[PDB]
Amino acid sequence: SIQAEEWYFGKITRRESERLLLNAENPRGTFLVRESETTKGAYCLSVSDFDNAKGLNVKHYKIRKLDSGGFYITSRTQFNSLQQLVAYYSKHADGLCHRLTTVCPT
Ligand SMILES: O=P(O)(O)Oc1ccccc1
Ligand SMILES: O=P(O)(O)Oc1ccccc1
């Protein structure tokens, strides 16, 4: 189950995810998965980043799930589980701000 998963923060707001991710100690790619505030049935992958122009900041990526069974941020790249999606993005940056590195601390 995903609610067992340490990176699944479940029902928390976008504002709260940003409060948690905007810690000067979080390296780029620090992340968590929460419920989407605006899309029913969807999740949201929240990720920290850092660069010389913007400093420490946060990105949000909607995760769709089909009753057909797939999970995805982009339909071009789907997975059989949310856990497999997290595993994949921890290895490949693709179009994200940075590959997933470490679970956001509480
Ligand atoms: O509104 P949500 O809770 O899905 O969060 C966002 C915000 C911006 C981009 C993707 C998702
Ligand atoms: O340029 P942004 O601040 O949107 O961050 C990135 C960097 C590369 C890909 C996606 C996001």
# chains A, B, ... in the order shown; residues from 1 in each chain; ligands from 1
>>> select_by_dssp(residues="chain A", states="helix (DSSP H, G or I)", output="MDAnalysis selection string")
chainID A and resid 2:4 14:21 82:89
>>> residues_around(residues="residue 77 in chain A", least_positions_apart="5", cutoff="12 Å", atoms="only C-alpha atoms", output="ChimeraX atom specification")
/A:63-64,70-72,84-85,88-89,92,94-95
>>> closest_residue(among="A:32, A:44, A:66, A:2", to="ligand 1", atoms="only C-alpha atoms and all ligand atoms")
A:44
>>> residues_near_ligand(ligand="ligand 2", cutoff="8 Å", atoms="only C-alpha atoms and all ligand atoms", output="JSON, numbers by chain")
{"A": [49, 54, 57, 59, 94, 95, 96, 97, 98]}
>>> write_last_selection(atoms="N, CA, C and O atoms", output="short mmCIF file (atom, residue, chain, number, x, y, z; two decimals), in the first residue's frame")
data_model
loop_
_atom_site.label_atom_id
_atom_site.label_comp_id
_atom_site.auth_asym_id
_atom_site.auth_seq_id
_atom_site.Cartn_x
_atom_site.Cartn_y
_atom_site.Cartn_z
N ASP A 49 14.23 22.19 -4.95
CA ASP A 49 15.27 22.48 -5.91
C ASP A 49 16.07 23.66 -5.39
O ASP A 49 15.68 24.30 -4.42
N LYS A 54 17.23 31.44 -8.51
CA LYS A 54 16.08 31.34 -7.62
C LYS A 54 16.34 30.98 -6.15
O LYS A 54 15.46 31.16 -5.31
N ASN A 57 13.75 26.51 -3.77
CA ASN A 57 12.37 26.62 -4.19
C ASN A 57 11.72 25.24 -4.33
O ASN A 57 12.39 24.23 -4.18
N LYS A 59 8.80 22.62 -6.51
CA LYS A 59 8.06 22.31 -7.75
C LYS A 59 6.96 21.29 -7.41
O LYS A 59 7.06 20.58 -6.40
N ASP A 94 14.53 13.22 -16.45
CA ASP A 94 13.59 13.49 -17.54
C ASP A 94 13.21 14.99 -17.52
O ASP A 94 14.08 15.85 -17.59
N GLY A 95 11.94 15.31 -17.39
CA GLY A 95 11.54 16.70 -17.39
C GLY A 95 11.34 17.34 -16.03
O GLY A 95 10.85 18.46 -15.95
N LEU A 96 11.68 16.63 -14.96
CA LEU A 96 11.53 17.17 -13.61
C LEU A 96 12.70 18.10 -13.27
O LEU A 96 13.74 18.04 -13.89
N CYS A 97 12.53 18.90 -12.23
CA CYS A 97 13.56 19.83 -11.80
C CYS A 97 14.86 19.14 -11.35
O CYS A 97 15.94 19.73 -11.44
N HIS A 98 14.75 17.90 -10.89
CA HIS A 98 15.90 17.10 -10.42
C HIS A 98 15.38 15.68 -10.14
O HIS A 98 14.18 15.50 -9.92
#
>>> atom_distance(atom1="atom 8 (C, counted along the ligand's line) of ligand 1", atom2="CA of residue 62 in chain A")
7.1 Å
>>> select_by_dssp(residues="chain A", states="strand (DSSP E)", output="number ranges by chain")
A: 8-10, 31-35, 43-51, 55-65, 71-72
>>> write_last_selection(atoms="N, CA and C atoms", output="PDB file, in the first residue's frame")
ATOM      1  N   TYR A   8       4.881   9.013   1.312  1.00  0.00           N
ATOM      2  CA  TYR A   8       3.495   9.393   1.089  1.00  0.00           C
ATOM      3  C   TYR A   8       2.971  10.229   2.254  1.00  0.00           C
ATOM      4  N   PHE A   9       2.848  11.534   2.061  1.00  0.00           N
ATOM      5  CA  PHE A   9       2.307  12.398   3.123  1.00  0.00           C
ATOM      6  C   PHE A   9       0.787  12.511   3.132  1.00  0.00           C
ATOM      7  N   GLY A  10       0.137  11.815   2.207  1.00  0.00           N
ATOM      8  CA  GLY A  10      -1.314  11.819   2.147  1.00  0.00           C
ATOM      9  C   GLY A  10      -2.036  13.137   2.068  1.00  0.00           C
ATOM     10  N   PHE A  31      11.855  15.171  -1.638  1.00  0.00           N
ATOM     11  CA  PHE A  31      10.462  15.034  -2.095  1.00  0.00           C
ATOM     12  C   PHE A  31       9.431  14.383  -1.162  1.00  0.00           C
ATOM     13  N   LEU A  32       8.166  14.471  -1.571  1.00  0.00           N
ATOM     14  CA  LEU A  32       7.030  13.855  -0.894  1.00  0.00           C
ATOM     15  C   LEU A  32       5.872  13.721  -1.927  1.00  0.00           C
ATOM     16  N   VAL A  33       4.947  12.787  -1.692  1.00  0.00           N
ATOM     17  CA  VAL A  33       3.750  12.591  -2.536  1.00  0.00           C
ATOM     18  C   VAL A  33       2.534  12.852  -1.629  1.00  0.00           C
ATOM     19  N   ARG A  34       1.645  13.712  -2.099  1.00  0.00           N
ATOM     20  CA  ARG A  34       0.451  14.098  -1.367  1.00  0.00           C
ATOM     21  C   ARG A  34      -0.769  14.033  -2.296  1.00  0.00           C
ATOM     22  N   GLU A  35      -1.946  14.241  -1.737  1.00  0.00           N
ATOM     23  CA  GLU A  35      -3.165  14.279  -2.527  1.00  0.00           C
ATOM     24  C   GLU A  35      -3.181  15.642  -3.186  1.00  0.00           C
ATOM     25  N   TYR A  43      -2.741  12.589  -7.455  1.00  0.00           N
ATOM     26  CA  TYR A  43      -1.770  12.773  -6.390  1.00  0.00           C
ATOM     27  C   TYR A  43      -0.906  13.930  -6.855  1.00  0.00           C
ATOM     28  N   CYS A  44       0.044  14.327  -6.032  1.00  0.00           N
ATOM     29  CA  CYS A  44       0.940  15.381  -6.413  1.00  0.00           C
ATOM     30  C   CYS A  44       2.321  15.050  -5.864  1.00  0.00           C
ATOM     31  N   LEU A  45       3.328  15.114  -6.738  1.00  0.00           N
ATOM     32  CA  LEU A  45       4.731  14.891  -6.363  1.00  0.00           C
ATOM     33  C   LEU A  45       5.334  16.256  -6.083  1.00  0.00           C
ATOM     34  N   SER A  46       5.717  16.557  -4.830  1.00  0.00           N
ATOM     35  CA  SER A  46       6.324  17.866  -4.534  1.00  0.00           C
ATOM     36  C   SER A  46       7.838  17.702  -4.349  1.00  0.00           C
ATOM     37  N   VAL A  47       8.630  18.573  -4.960  1.00  0.00           N
ATOM     38  CA  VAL A  47      10.104  18.403  -4.968  1.00  0.00           C
ATOM     39  C   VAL A  47      10.854  19.673  -4.715  1.00  0.00           C
ATOM     40  N   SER A  48      11.922  19.608  -3.935  1.00  0.00           N
ATOM     41  CA  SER A  48      12.700  20.810  -3.671  1.00  0.00           C
ATOM     42  C   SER A  48      13.782  20.954  -4.739  1.00  0.00           C
ATOM     43  N   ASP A  49      14.228  22.194  -4.954  1.00  0.00           N
ATOM     44  CA  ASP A  49      15.267  22.482  -5.907  1.00  0.00           C
ATOM     45  C   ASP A  49      16.070  23.657  -5.390  1.00  0.00           C
ATOM     46  N   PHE A  50      17.174  23.952  -6.060  1.00  0.00           N
ATOM     47  CA  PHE A  50      18.053  25.066  -5.717  1.00  0.00           C
ATOM     48  C   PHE A  50      18.939  25.411  -6.908  1.00  0.00           C
ATOM     49  N   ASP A  51      19.051  26.707  -7.197  1.00  0.00           N
ATOM     50  CA  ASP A  51      19.952  27.191  -8.243  1.00  0.00           C
ATOM     51  C   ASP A  51      20.346  28.605  -7.853  1.00  0.00           C
ATOM     52  N   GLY A  55      17.513  30.426  -5.847  1.00  0.00           N
ATOM     53  CA  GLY A  55      17.728  30.002  -4.482  1.00  0.00           C
ATOM     54  C   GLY A  55      16.907  28.732  -4.247  1.00  0.00           C
ATOM     55  N   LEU A  56      16.519  28.491  -2.995  1.00  0.00           N
ATOM     56  CA  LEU A  56      15.765  27.292  -2.634  1.00  0.00           C
ATOM     57  C   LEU A  56      14.295  27.456  -3.001  1.00  0.00           C
ATOM     58  N   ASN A  57      13.754  26.514  -3.770  1.00  0.00           N
ATOM     59  CA  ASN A  57      12.366  26.617  -4.188  1.00  0.00           C
ATOM     60  C   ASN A  57      11.720  25.237  -4.333  1.00  0.00           C
ATOM     61  N   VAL A  58      10.403  25.200  -4.581  1.00  0.00           N
ATOM     62  CA  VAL A  58       9.641  23.976  -4.663  1.00  0.00           C
ATOM     63  C   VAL A  58       8.871  23.847  -6.000  1.00  0.00           C
ATOM     64  N   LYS A  59       8.800  22.621  -6.513  1.00  0.00           N
ATOM     65  CA  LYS A  59       8.060  22.310  -7.754  1.00  0.00           C
ATOM     66  C   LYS A  59       6.960  21.295  -7.413  1.00  0.00           C
ATOM     67  N   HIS A  60       5.864  21.311  -8.172  1.00  0.00           N
ATOM     68  CA  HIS A  60       4.752  20.398  -7.956  1.00  0.00           C
ATOM     69  C   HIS A  60       4.359  19.755  -9.297  1.00  0.00           C
ATOM     70  N   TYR A  61       4.219  18.419  -9.305  1.00  0.00           N
ATOM     71  CA  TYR A  61       3.868  17.606 -10.471  1.00  0.00           C
ATOM     72  C   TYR A  61       2.671  16.700 -10.185  1.00  0.00           C
ATOM     73  N   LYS A  62       1.599  16.889 -10.927  1.00  0.00           N
ATOM     74  CA  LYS A  62       0.416  16.072 -10.751  1.00  0.00           C
ATOM     75  C   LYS A  62       0.654  14.627 -11.257  1.00  0.00           C
ATOM     76  N   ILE A  63       0.179  13.669 -10.462  1.00  0.00           N
ATOM     77  CA  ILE A  63       0.303  12.272 -10.790  1.00  0.00           C
ATOM     78  C   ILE A  63      -1.092  11.736 -11.052  1.00  0.00           C
ATOM     79  N   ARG A  64      -1.357  11.342 -12.310  1.00  0.00           N
ATOM     80  CA  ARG A  64      -2.648  10.768 -12.704  1.00  0.00           C
ATOM     81  C   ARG A  64      -2.631   9.246 -12.636  1.00  0.00           C
ATOM     82  N   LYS A  65      -3.789   8.687 -12.366  1.00  0.00           N
ATOM     83  CA  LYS A  65      -3.946   7.259 -12.258  1.00  0.00           C
ATOM     84  C   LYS A  65      -5.226   6.919 -13.011  1.00  0.00           C
ATOM     85  N   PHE A  71      -0.100   4.732 -13.787  1.00  0.00           N
ATOM     86  CA  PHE A  71       0.210   5.918 -13.001  1.00  0.00           C
ATOM     87  C   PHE A  71       1.168   6.737 -13.852  1.00  0.00           C
ATOM     88  N   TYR A  72       1.046   8.059 -13.844  1.00  0.00           N
ATOM     89  CA  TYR A  72       1.982   8.865 -14.629  1.00  0.00           C
ATOM     90  C   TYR A  72       1.898  10.357 -14.375  1.00  0.00           C
TER      91      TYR A  72
END
>>> atom_distance(atom1="CA of residue 103 in chain A", atom2="CA of residue 76 in chain A")
25.5 Å
>>> residues_around(residues="residue 104 in chain A", least_positions_apart="4", cutoff="8 Å", atoms="only C-alpha atoms", output="ChimeraX atom specification")
/A:7,20-21,26,30-32
>>> closest_residue(among="A:4, A:37, A:18, A:13", to="ligand 1", atoms="only C-alpha atoms and all ligand atoms")
A:37
>>> closest_residue(among="A:12, A:53, A:86, A:24", to="ligand 1", atoms="only C-alpha atoms and all ligand atoms")
A:12
>>> closest_residue(among="A:11, A:38, A:81, A:25", to="ligand 1", atoms="only C-alpha atoms and all ligand atoms")
A:38
>>> closest_residue(among="A:41, A:105, A:69, A:29", to="ligand 1", atoms="only C-alpha atoms and all ligand atoms")
A:41
>>> atom_distance(atom1="CA of residue 52 in chain A", atom2="CA of residue 99 in chain A")
18.3 Å
>>> closest_residue(among="A:82, A:93, A:22, A:100", to="residue 42 in chain A", atoms="only C-alpha atoms")
A:82
>>> decode(residues="range 70-91 of chain A", atoms="N, CA and C atoms", output="PDB file, in the first residue's frame")
ATOM      1  N   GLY A  70      -2.660   2.457 -15.103  1.00  0.00           N
ATOM      2  CA  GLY A  70      -1.394   3.156 -15.051  1.00  0.00           C
ATOM      3  C   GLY A  70      -1.333   4.394 -14.164  1.00  0.00           C
ATOM      4  N   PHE A  71      -0.100   4.732 -13.787  1.00  0.00           N
ATOM      5  CA  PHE A  71       0.210   5.918 -13.001  1.00  0.00           C
ATOM      6  C   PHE A  71       1.168   6.737 -13.852  1.00  0.00           C
ATOM      7  N   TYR A  72       1.046   8.059 -13.844  1.00  0.00           N
ATOM      8  CA  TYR A  72       1.982   8.865 -14.629  1.00  0.00           C
ATOM      9  C   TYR A  72       1.898  10.357 -14.375  1.00  0.00           C
ATOM     10  N   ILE A  73       3.021  11.027 -14.628  1.00  0.00           N
ATOM     11  CA  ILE A  73       3.084  12.477 -14.606  1.00  0.00           C
ATOM     12  C   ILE A  73       2.800  12.867 -16.098  1.00  0.00           C
ATOM     13  N   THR A  74       3.451  12.208 -17.047  1.00  0.00           N
ATOM     14  CA  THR A  74       3.184  12.407 -18.487  1.00  0.00           C
ATOM     15  C   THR A  74       2.683  11.061 -19.037  1.00  0.00           C
ATOM     16  N   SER A  75       1.619  11.061 -19.841  1.00  0.00           N
ATOM     17  CA  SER A  75       1.080   9.800 -20.360  1.00  0.00           C
ATOM     18  C   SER A  75       2.032   9.034 -21.284  1.00  0.00           C
ATOM     19  N   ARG A  76       3.093   9.695 -21.712  1.00  0.00           N
ATOM     20  CA  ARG A  76       4.111   9.092 -22.557  1.00  0.00           C
ATOM     21  C   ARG A  76       4.950   8.088 -21.758  1.00  0.00           C
ATOM     22  N   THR A  77       4.917   8.222 -20.434  1.00  0.00           N
ATOM     23  CA  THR A  77       5.727   7.420 -19.518  1.00  0.00           C
ATOM     24  C   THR A  77       4.917   6.957 -18.303  1.00  0.00           C
ATOM     25  N   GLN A  78       4.327   5.776 -18.427  1.00  0.00           N
ATOM     26  CA  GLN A  78       3.455   5.225 -17.406  1.00  0.00           C
ATOM     27  C   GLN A  78       4.073   4.095 -16.607  1.00  0.00           C
ATOM     28  N   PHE A  79       3.503   3.827 -15.423  1.00  0.00           N
ATOM     29  CA  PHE A  79       3.991   2.763 -14.512  1.00  0.00           C
ATOM     30  C   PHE A  79       2.844   1.958 -13.890  1.00  0.00           C
ATOM     31  N   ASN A  80       3.120   0.700 -13.549  1.00  0.00           N
ATOM     32  CA  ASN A  80       2.092  -0.176 -12.976  1.00  0.00           C
ATOM     33  C   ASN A  80       1.767   0.168 -11.521  1.00  0.00           C
ATOM     34  N   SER A  81       2.629   0.956 -10.893  1.00  0.00           N
ATOM     35  CA  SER A  81       2.402   1.345  -9.508  1.00  0.00           C
ATOM     36  C   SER A  81       3.050   2.687  -9.244  1.00  0.00           C
ATOM     37  N   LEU A  82       2.589   3.315  -8.187  1.00  0.00           N
ATOM     38  CA  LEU A  82       3.093   4.595  -7.758  1.00  0.00           C
ATOM     39  C   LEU A  82       4.532   4.384  -7.246  1.00  0.00           C
ATOM     40  N   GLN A  83       4.753   3.237  -6.611  1.00  0.00           N
ATOM     41  CA  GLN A  83       6.061   2.885  -6.090  1.00  0.00           C
ATOM     42  C   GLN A  83       7.067   2.743  -7.239  1.00  0.00           C
ATOM     43  N   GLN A  84       6.647   2.134  -8.353  1.00  0.00           N
ATOM     44  CA  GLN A  84       7.513   2.023  -9.541  1.00  0.00           C
ATOM     45  C   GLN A  84       7.790   3.413 -10.193  1.00  0.00           C
ATOM     46  N   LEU A  85       6.810   4.313 -10.108  1.00  0.00           N
ATOM     47  CA  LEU A  85       6.962   5.679 -10.621  1.00  0.00           C
ATOM     48  C   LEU A  85       7.998   6.421  -9.787  1.00  0.00           C
ATOM     49  N   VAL A  86       7.882   6.289  -8.458  1.00  0.00           N
ATOM     50  CA  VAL A  86       8.842   6.940  -7.561  1.00  0.00           C
ATOM     51  C   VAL A  86      10.229   6.371  -7.814  1.00  0.00           C
ATOM     52  N   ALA A  87      10.325   5.053  -7.913  1.00  0.00           N
ATOM     53  CA  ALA A  87      11.626   4.423  -8.205  1.00  0.00           C
ATOM     54  C   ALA A  87      12.237   4.993  -9.502  1.00  0.00           C
ATOM     55  N   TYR A  88      11.438   5.066 -10.564  1.00  0.00           N
ATOM     56  CA  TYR A  88      11.921   5.582 -11.842  1.00  0.00           C
ATOM     57  C   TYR A  88      12.450   7.021 -11.788  1.00  0.00           C
ATOM     58  N   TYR A  89      11.705   7.913 -11.139  1.00  0.00           N
ATOM     59  CA  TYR A  89      12.115   9.310 -11.063  1.00  0.00           C
ATOM     60  C   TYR A  89      13.275   9.585 -10.115  1.00  0.00           C
ATOM     61  N   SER A  90      13.646   8.562  -9.336  1.00  0.00           N
ATOM     62  CA  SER A  90      14.779   8.595  -8.417  1.00  0.00           C
ATOM     63  C   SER A  90      16.053   8.226  -9.202  1.00  0.00           C
ATOM     64  N   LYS A  91      15.862   7.708 -10.416  1.00  0.00           N
ATOM     65  CA  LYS A  91      16.953   7.315 -11.325  1.00  0.00           C
ATOM     66  C   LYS A  91      17.048   8.218 -12.567  1.00  0.00           C
TER      67      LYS A  91
END
